[PDB]
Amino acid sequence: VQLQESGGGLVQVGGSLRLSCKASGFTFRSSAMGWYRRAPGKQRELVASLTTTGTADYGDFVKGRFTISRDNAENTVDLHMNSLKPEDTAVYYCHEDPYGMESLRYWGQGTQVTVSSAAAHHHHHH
């Protein structure tokens, strides 16, 4: 089982993103879902997660800027990110934990988020 991220790419400093993850589709059983990130050479760190019951946890660097939600009608876990900073640049990975068991964790493939105003203005034709 591999999940499928979308919504990454280039974004200006101060800009916003809507990250999405197509999960396993096994809505017949509960799960925890969330988002990690990994910057080159650095350790993976928790960005946001939801327990089986919908309790949210956020990495300390989030500082109220990101919101995690899940859509069971659409089989997704989503991350709404505002006020992106250069330091947020990293590969973002979603995950699903069947029955809340991290031991059975499914991961996405990762999607790059690059926070750069000059690059985003160039690429998005602003």
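One rule holds for the numbers: they count along the sequence shown, beginning at 1.
The deposited model assigns a higher average Cα B-factor to 61 to 69 than to the other stretch when 96 to 104 and 61 to 69 are compared. For the pair 36 to 44 and 81 to 89, the record assigns the higher mean C-alpha temperature factor to 36 to 44.
Note on 23, 13, 17, 113: the highest value goes to 23, judged by CA B factor as recorded. When the CA B factors of the chain's modelled residues are split into thirds, the value for residue 126 lands in the highest one.
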